[PDB]
Every structure is written in structure tokens, then in C-alpha cells.
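*Asks:* Sequence below, structure please.
(one chain, ligands or ions: 8)
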Amino acid sequence: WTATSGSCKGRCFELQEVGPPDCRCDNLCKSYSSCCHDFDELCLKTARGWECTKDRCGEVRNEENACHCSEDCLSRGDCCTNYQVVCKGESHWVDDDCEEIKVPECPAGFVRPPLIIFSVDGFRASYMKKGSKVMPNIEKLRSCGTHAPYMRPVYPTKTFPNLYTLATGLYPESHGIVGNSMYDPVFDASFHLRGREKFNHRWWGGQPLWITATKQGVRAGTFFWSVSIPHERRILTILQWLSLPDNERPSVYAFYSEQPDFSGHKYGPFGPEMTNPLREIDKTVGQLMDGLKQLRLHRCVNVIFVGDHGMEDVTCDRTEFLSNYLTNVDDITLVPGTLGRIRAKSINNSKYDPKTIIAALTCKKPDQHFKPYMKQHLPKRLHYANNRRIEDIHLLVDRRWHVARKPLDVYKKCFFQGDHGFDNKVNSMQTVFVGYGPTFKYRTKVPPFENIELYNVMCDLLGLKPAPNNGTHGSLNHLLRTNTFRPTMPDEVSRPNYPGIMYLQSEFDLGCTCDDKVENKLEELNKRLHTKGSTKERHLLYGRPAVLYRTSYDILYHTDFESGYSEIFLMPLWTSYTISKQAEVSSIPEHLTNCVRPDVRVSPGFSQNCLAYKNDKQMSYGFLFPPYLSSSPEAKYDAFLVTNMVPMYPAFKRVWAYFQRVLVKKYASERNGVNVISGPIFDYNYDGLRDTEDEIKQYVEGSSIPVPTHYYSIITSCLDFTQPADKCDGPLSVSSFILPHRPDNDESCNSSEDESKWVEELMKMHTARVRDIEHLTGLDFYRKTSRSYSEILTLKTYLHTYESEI
Ligand SMILES: *[C@@H]1O[C@H](CO)[C@@H](O[C@@H]2O[C@H](CO)[C@@H](O[C@@H]3O[C@H](CO[C@H]4O[C@H](CO)[C@@H](O)[C@H](O[C@H]5O[C@H](CO)[C@@H](O)[C@H](O)[C@@H]5O[C@H]5O[C@H](CO)[C@@H](O)[C@H](O)[C@@H]5O)[C@@H]4O)[C@@H](O)[C@H](O[C@H]4O[C@H](CO)[C@@H](O)[C@H](O)[C@@H]4O[C@H]4O[C@H](CO)[C@@H](O)[C@H](O)[C@@H]4O)[C@@H]3O)[C@H](O)[C@H]2NC(C)=O)[C@H](O)[C@H]1NC(C)=O
Ligand SMILES: NS(=O)(=O)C1CCN(C(=O)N2C[C@H]3CN(C(=O)OCc4ccc(OC(F)(F)F)cc4)C[C@@H]3C2)CC1
Ligand SMILES: [Ca+2]
Ligand SMILES: [Ca+2]
Ligand SMILES: [Cl-]
Ligand code: NA
Ligand code: NA
Ligand SMILES: [Zn+2]
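*Replies:* Residues are numbered from 1 along each chain as shown. Ligands and ions are numbered 1, 2, ... in the order given. See below for the structure:
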């Protein structure tokens, strides 16, 4: 109940929300059916429109007008945004030449440069270039300020998940807004785009920027604007708030526009009808900047122009129907569209089986336009699994397509020509970032970056300590003139042991054999040096990774590679090696095919054994440093050490062998040498974080050898490829992956073909940031380079996407 008998007189767009049944006058009351009776009359005035004209100049104040052109309007803070232009011979902000803002130029009483976040829905990255002719205000922000060619949204590339990721710095799986539609089984409650349940606070996790600000004594404007408040009024309201006395005035503000998304759905991302919405957005930016100029704030305020996701061409005729695959179609609930989420229709139905549903959805049709996944098997880069609201069964839909349960859902629910929600690496889903103001750099282009990073920077801009989040604080220091965040490297927690030769061959009873007993102070003194680390400078280019958790491990040196061997998990945490452009690929000699050799530096009790692999009929083994890339016949024996061995399903060995035999050398040829760090990952609870020993669900049969869920590789070289990887004097270049360690290749529909037709495609899908690997392993890489730490943080957040040019 709301007793709408109170009055909005003097309270229009009040910043504090009064508790019902008192009538509200804040910019959210419309959404709650709770505004006072006179809200429209007093607060949403429209008389005379939004612009001054020559004849309105110097007028007698008429409080009925939407905005004002009387002499007192500046001190009242309520002129139309073009007042000084029309009436005082001033120029529009866009017509003024760009001039560097070296320091904030603020009116007295401003404690800090205000931040204004100008967010636009569905603003695809390529609009900056393709619509530049009709967006002069935005183009001036872009060219004069700091801009990225695009900004990567989070998956799914829908509105609420992305705006709330912008606000919190968190992945959707952590903030809880995992789609536009959700069922939470603990609450037994549903979240819907239209409706009231979405307002309940239990949906919204983490700590968004406005709460972070408020708790730290920085006042915030309201972030949410009710749909019926027009854009002009939103701008005028912000400008009025900026005229409040110092003690009442917020330092952070948001504007939101439902365009160009709204039209993009109806007309497609590049429909000719799209020119008008882009023009109108630009005019709104113009009004803000002219309004700030009138208030003398245009060289004081930091402005962020940011989108939530892009827009793709999608029509009704490109819909896959689950009724063309499943017999049991009515026993399931599907969340449909540009992704799919499946669960049982009834929890009382014990005939429901996810395994048979996945199977009936797998590679069933030649050009099938979605791929089914159990959520823990999705690419780790999506970070889309660790939430009870994310259904166990997921469909990744190809760009340009939809999935639906049955045809009736599509024609009884062509209308639309555009949609979004696809994999966040898809070019059409990319969106925009521009930063303009005293705290941003001048005329500066920065590399593309993820929207999870912005919360940290917005906190930096407001002098706030960010709540714990998924950004990597410092990775975006290069956007900022000042207010940078200068992190220290994490402290290493566990120091390695450096074992020498401590065990005789006969102490080992591992059931392993090698044809190696084939026998000189030349190469004998030489091999001792290699085991002591004499080539370590070649194979360990960026220092050894730090171990950020308590564990027991040994550094093992070899001619061709170096490893950090875990005595707890019985295998390396990491293996590091460098392959030059000149390196040659050799095969495994016939006599060495099944050779496995005890490591005399490492006790039998802390070793794997070959008998366990023999007895385990599902599990085979591979090697982290590949025997194919050995530098010499003698060095090759090192690659068969039991300490270089890891458990691998035969299906996965197909993938791994092709990577090691074919792809590493291809990369070294293309990149002028590469340094490779590979290792296992254990993430059985799919939280994107390293498992402890007691979280491991699978071991090699009859043993304490844990089975990795994933294998990673980090591949590093010189950004200036005229320099070899091992002699690089400047910035680095990286690509990484986290491959799921699966006992089948069902993910790859062409896997019956030669690895050359399907393996690289799989690896591209599972591209990763070094940072993702850090989380999954408790390791910290690039500890010893000649590069600044912030530059290394940027490198660690880099994602190689394999998409064409934007
Ligand atoms: C991205 O960044 C984020 C943010 O930094 C990282 O997420 C953090 O990870 C931490 C480690 O997992 C986690 O810490 C746990 O917090 C527990 C208390 O949590 C509450 O309080 C915090 C702080 O205010 C709050 O943020 C939490 O909010 C979560 O849950 C609510 C309600 O469900 C949601 O509204 C909200 O969206 C958020 O949900 C997300 O996180 C939870 C996990 O917390 C998931 O379950 C959800 O799916 C969703 O993703 C909470 O309100 C604390 O109790 C934990 O401590 C347990 O474990 C430690 C182990 O060290 C142990 O010492 C304790 O004894 C305790 O164990 C006991 O509980 C176990 C399970 O009940 C039980 O098995 C044991 O026997 C014991 O009884 C733990 O410290 C932190 O909460 C989240 N924060 C957020 C916001 O998500 C995230 O890791 C990053 N991702 C990547 C890839 O890097
Ligand atoms: N009610 S409805 O019309 O049926 C339905 C309602 C929900 N709707 C719908 O998509 N949204 C209604 C819109 C009003 N919001 C808004 O003002 O957002 C501003 C904002 C948000 C986050 C920000 O994050 C930060 F911190 F800056 F990084 C900043 C600014 C966005 C809402 C999405 C779809 C239509
Ligand atoms: Ca949107
Ligand atoms: Ca884990
Ligand atoms: Cl959704
Ligand atoms: Na086996
Ligand atoms: Na297959
Ligand atoms: Zn949309």
C-alpha cells in the first residue's frame, strides 16, 4: 500500500528513498506504483520542450516550463542545456577545439572530480567507426579522451548481467544475475525482465558502485531510471543535482539509454532505421556536455561512455527446435533464445536423465547451430558455472541463431531482426568504452579490455577502496593520467626444494621399464650442469612461477625444460620450456615408445607408477615436456622421466599430441620462438579456483594419482617478432588455453577426421587469460621480467580471441 496523499512539492528527484506507505518522489517511484499524486505535474514538466529559442531569452520565469531561459536560471541550476548558446553567444561543446585537461578545473567546493557514467544499451563496437558521421559529440569524446577499439562484455551478453557486472566488477556467476530470466531452486523463485520479483534484493549479490561509494562517504545519484522519464529530463535532473550545495551533491551519477538496443532488435544492427537512434543518442551527449559547460564543469567531470553488449542479425527463420531432437520434449523446461538452459519440468519425475538429453542433442545434424554442454565443461573463459541459478545443461548457440523448445513458441508467444546474448568473444557482441576528463589520458588509444575491469577504475576515479571483485586491479592503469593503483606482487607462500640425486634405481618398484641401459668426462660433466640448472635461463624466461599456497614441491632442472614438481599431487604444477624458430621436431624412437624412467631426485613414495596406468583401463598418460622437441637423442631420455608424466585419457591424448608435435613448432616458426609453460588444473567444483587435495573426485585407479579436469599452456614470445623469444628487449605477447581433460571428443563433431581438421578449432574455443590459469592453479607467473608490473597485469588479462578484425 502507498498513501499517495503526500506531495512532491520541492522534492522532485529526491536522493533518499522514503519508506512506504509514504509516497515517493524519487526517480524509481514510477516503477513501484508509488509516486505522489502530483509527481507528473511537478516533476515531469514538458511545457515548451527542451531548448531555448531567441524569443525565450530573458523571459520572466514561468515555473511550468520544462526548462528555463530566464536570467536567474544558471543560479537556479535549471536552464535548458542550450541556454548560453542561444541567449549568451556561447558555442556548443562539440564546436570547441579539443584541449588537454591536465588538471581538474572545478568550481570551489568540489572535493573531487564528479564521475558520470553514460551507458547505452546495445551499442556495438563497430558503431564508433560506422556511425561516426552522425555522432559528432561521441566522436569528440572518443578522439579527445581515452578509448579502446572495443570492450568485451560478460557472458551471457544480455543487459542485466552486463550492467550489474559493470557495477560490481564480478562475473555473473558471482553477482547472481546469470540471465535475463532465472529460477533459483533454494528460494523457489523466478526472476523475469518484466515484473516485480526482480526488485527483491536477494537476486543482487556483490557490492555495486553506489553502495561502495555510500559506505565510504561518497554520495551517489540514483542509477536506475524509470522507462517513462524521457532522456532530456534525465540529463536535466543530473545537471540539477550537480548544482546542489557541497554537502548534498553526489560525486557519482549514471545515465542510461535503452537505445540503440531497442531499434536494433526491430531492424538489425545495421538497418537503415538505425541512423536515427544513433543521431538521437549523440544529441543527448551534446546536451550533457553543453549543460556541463554552462555549469563550468566540462573540464572537471570524468565522463565514461560505455555499452553493455552489441547486437547481431538474428531472424525467426534461424531457430533450432529441441522438438526436432528430443522425443521427451514436454518433460523439460528450456530458457530459450541466444543461449539455452535446460532443467527437468518436474523434480518429481525420476525418469528424467541429463545424460540422454545431452546425447540426443550432440552432433545430430550436419550444420547443427547449437552445441550442448554440461556447465562444468563450458570454456573456462566464460566463468559460467558456479551458481545454483545456472542449469546443469547449457546450449551454446551459434551467432545469428536462436534455440527454442517447439515451433509454437516462435509464432505464438517475423518480428525481430536483431538480438544478442551469444558467447562474449563474438565480434558482433563487443561494445564500447570511452573515458574523458581530467583523470583520463589525452588522445590515447588503449587495447581492448573486459568490462569486469571497470569497477576498480571507477573506484580509483572516486578515491574508493573497491570491494573484492574479479578485475585485476592495476591492469587498467594505462587508461589514467593520475589516481593509478600501484599493487605489489603477491608474496610467495611455499619455497621449493632443490633435490639432488638421492635414490638408487633399484629402490623403485613402479612397474615401469625403459630401454635405456646403453652407455667420458665430456658429456658427464655436461649432464651434471644441466641437472643443476645451467640452461635454466633459456627455458625459464620470466622467472619461476610463485606458489601462492602452502604445499610441498621440488624444482627439477633438465637440458630442455624445468619443472616445479608437486610431491602432493605427484606431478608438476608447471613445466617450462623454450622452442626456438630453429628447433627441430623428432619422433619417439621405436625402442622408447613405452619407456618411463624413475627420477633419482624424487622418492618412490612421491612418484607415480606405471602399474596404476596398466590396471586403469580408461586412463593412459602423456608428458608435459614433449619427447618430440628434445634437443638431442641424449636429452630425450629426460622427457620420459616419471616426474614429467601426467594422466591422460586416450581421447585427450589425440588433442595433446597434435598440440605438442605440430602446433608448438608452428607457433615457434610464426612467432620467432616461443616459451611454453604447461601443467594440470584441478577444478572439480567448477568455481574457477584451484582445488585442494580433498576436493579431487577422480584418481588413476588403485592409486593416489589425481586426475586433472583440465590442461593449460601459456605461450609467450616477443611482441616485436623480429626479436627471438629468448632475447626479447621489450613488451611480450601471449596466448593461453585451458583444455578440458575429457574421455571422449564429443565436443568436436569432426573428431573422426585427422587432428588437422578439428584440434586447433577446439583449442581456440578454449582460449584463456593467464589470469584464469592463475586462479585455477594458485600460481603467479611473469615474476621476473624487465617490464613494469602494471604492464604485466595487462598482459595477464589479455585474451587471444581468434575473431577477425572489428
Ligand atoms: C570473483 O570474485 C569474487 C569476489 O571476491 C570471488 O568470490 C568470493 O569467493 C570466496 C571464496 O569462495 C567466497 O568466500 C566465502 O564466503 C562465505 C561467506 O559468504 C557470504 O558473505 C560474502 C561477503 O559479504 C558475500 O559476498 C557472499 O555472497 C554470495 O552468496 C550470496 C547468497 O548465496 C549471493 O547473494 C552472492 O551472489 C554470492 O554468491 C556467490 O558466491 C557463493 C559462495 O560464497 C556461491 O555459493 C554462489 O554460487 C555465488 O557464486 C555470502 O553472502 C564463507 O562462508 C566461506 O567460508 C567457507 O569456506 C572456507 C574455506 O576457506 C572455510 O574457512 C569456512 O569454514 C567456510 O566453510 C564452511 O562452509 C562450507 C560451505 O557451506 C562447508 O563445506 C564447510 O564445512 C564449512 O561449514 C568463504 O570464505 C566469497 O563469498 C565470494 N564472494 C562473492 C561475492 O561471490 C570469486 O572467487 C572470484 N572468481 C574467480 C574465478 O576468481
Ligand atoms: N519494465 S519493462 O519496461 O517491462 C522492462 C524493465 C527492465 N528493462 C531493462 O532492460 N532495464 C531497465 C533499465 C533502467 N536502468 C538504468 O537506468 O541503468 C542505469 C545504469 C545501470 C548500471 C550502471 O552501472 C555502472 F555502475 F555504471 F557501471 C550504470 C547505470 C538499466 C535497466 C535495464 C527492460 C524493460
Ligand atoms: Ca542491453
Ligand atoms: Ca575449484
Ligand atoms: Cl537469459
Ligand atoms: Na590404462
Ligand atoms: Na566427436
Ligand atoms: Zn536487447
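
*Asks:* Which residues are in contact with the closest residue to ligand 5 within the stretch 451-600 of the chain?
*Replies:* Relative to ligand 5, the nearest point of the stretch 451-600 of the chain is residue 451 (17.3 Å; CB to the ion). C-beta: built from backbone N, CA, C; applies to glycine. By CB atoms under 8 Å, 6 or more residues apart in numbering, the contact set of residue 451 is 151-154, 162, 165-166, 306, 431.

*Asks:* 6 Å instead, please
*Replies:* 151, 153, 165-166 (CB atoms under 6 Å, 6 or more residues apart in numbering).

*Asks:* do the same with residue 779
*Replies:* Counted by CB under 6 Å, 6+ apart, residue 779 has contacts residue 545.

*Asks:* contacting residues for the closest residue to ligand 3 within the stretch 601-750 of the chain?
*Replies:* Closest residue of the stretch 601-750 of the chain to ligand 3, CB to the ion: residue 688 (24.8 Å). By CB under 6 Å, 6+ apart, the contact list for residue 688 reads 383, 775.

*Asks:* buried set for stretch 517-534?
*Replies:* 527, 530-531, 533 (16 or more other CB atoms under 10 Å).

*Asks:* for stretch 264-277, same thing?
*Replies:* Per 16+ other CB under 10 Å, stretch 264-277 contains these buried residues: 264-265, 267-270, 274, 277.

*Asks:* biggest separation within the residues you listed, which pair?
*Replies:* 265 and 270 (13.2 Å; CB to CB).

*Asks:* Give me the common contacts of these two.
*Replies:* Between them, residue 265 and residue 270 share no contacting residue, judged by CB under 6 Å, 6+ apart.

*Asks:* and the residue of this protein nearest ligand 7?
*Replies:* Residue nearest to ligand 7 within the chain (CB to the ion): residue 751, separated by 3.4 Å.

*Asks:* Nearest residue to that residue in space, please, no chain neighbours.
*Replies:* For residue 751, ignoring the flanking residues on the chain, the nearest one in space by CB to CB, 6 or more residues apart in numbering is residue 745 at 3.8 Å.

*Asks:* how far away is the residue of the stretch 451-600 of the chain closest to ligand 5 from ligand 3?
*Replies:* 12 Å (CB to the ion, to the nearest Å).

*Asks:* Look up how far residue 366 lies from that residue.
*Replies:* 36 Å (CB to CB, to the nearest Å).

*Asks:* ok, now residue 412?
*Replies:* For residue 412, the distance to residue 366 - CB to CB - is 29 Å.

*Asks:* And residue 528, by the same measure?
*Replies:* Taking CB to CB, one finds residue 528 at 59 Å from residue 366.

*Asks:* what's the following helix or strand after the helix ranked longest in the chain?
*Replies:* Looking across the chain with DSSP state H, the single longest helix is helix 275-294. Sequence-wise, the next helix or strand downstream of helix 275-294 (DSSP states H and E) is strand 302-307.

*Asks:* what does that next one contact?
*Replies:* Applying CB under 6 Å, 6+ apart, the external contacts of strand 302-307 come out as 113, 115-120, 123, 141, 431-437, 439, 461.

*Asks:* try stretch 589-603
*Replies:* Taking CB under 6 Å, 6+ apart as the rule, stretch 589-603 contacts 499, 501, 503, 508, 512, 514-515, 610, 640-643.

*Asks:* Greatest separation within these: which pair is it?
*Replies:* The widest separation within these (CB to CB) is 25.7 Å, between 499 and 515.

*Asks:* So those two - more neighbours on which side?
*Replies:* residue 499 (18 against 12; other CB atoms under 10 Å).

*Asks:* Assign a three-state SS to the nearest residue to the more buried one once chain neighbours are set aside, would you?
*Replies:* With CB to CB, 6+ apart as the criterion, residue 499 has its nearest non-adjacent residue at 4.2 Å, and that residue is residue 601. On the three-state scheme (DSSP: H, G, I helix; E, B strand; the rest coil), residue 601 is labelled coil.

*Asks:* tally of neighbours for residue 601?
*Replies:* 20.

*Asks:* cool, and residue 783?
*Replies:* Neighbour tally, residue 783, other CB under 10 Å: 15.

*Asks:* Name the nearest residue to it, sequence neighbours excluded.
*Replies:* residue 543 (4.0 Å).

*Asks:* Show me where the stretch 251-400 of the chain has its strands.
*Replies:* Taking DSSP state E, counting those that start in this stretch as the criterion, the stretch 251-400 of the chain contains strands spanning 252-260, 302-307, 312-313, 319-321, 332-335, 339-344, 370-374, 393-397.

*Asks:* Each with direction, which strands does the second one pair with?
*Replies:* Based on DSSP bridges, the pairing partners of strand 302-307 within the sheet are strand 115-121 (parallel), strand 433-436 (antiparallel).

*Asks:* contact partners of the first one?
*Replies:* The reference is to strand 115-121. 252-258, 261, 281, 301-308, 461-462.

*Asks:* Whichever of the residues you listed end up buried, select them in PyMOL.
*Replies:* Buried residues among the contacts of strand 115-121 (16+ other CB under 10 Å), as a PyMOL selection:
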select buried, resi 252+253+254+255+256+257+261+281+301+302+303+304+305+306+307+308+461+462
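
*Asks:* quick revisit: name the SS class of the residue of the stretch 601-750 of the chain closest to ligand 3, please.
*Replies:* coil.

*Asks:* Is there a quick ChimeraX command that grabs whichever of the contacts of stretch 589-603 are buried?
*Replies:* Remark: buried members of those, expressed as a ChimeraX selection using 16+ other CB under 10 Å:
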select :499,503,508,512,514,610,640,641,642,643
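
*Asks:* Sort out which one of the contacts of stretch 589-603 lies nearest residue 349 for me.
*Replies:* Closest to residue 349, out of all of those and judged by CB to CB, is residue 610, at 46.0 Å.

*Asks:* Please report the distance of the closest one from residue 554.
*Replies:* 20 Å.

*Asks:* Could you do residue 635 as well?
*Replies:* In terms of CB to CB, residue 635 sits 20 Å off from residue 554.

*Asks:* do residue 9 as well
*Replies:* 76 Å.

*Asks:* Same question for residue 111.
*Replies:* With CB to CB as the criterion, residue 111 and residue 554 are 55 Å apart.

*Asks:* okay, those two: which has more neighbours?
*Replies:* residue 554 (19 against 11).

*Asks:* Just to check, the more buried one is in contact with residue 565?
*Replies:* Yes - if you go by CB atoms under 6 Å, residue 554 and residue 565 touch, sitting 4.8 Å apart.
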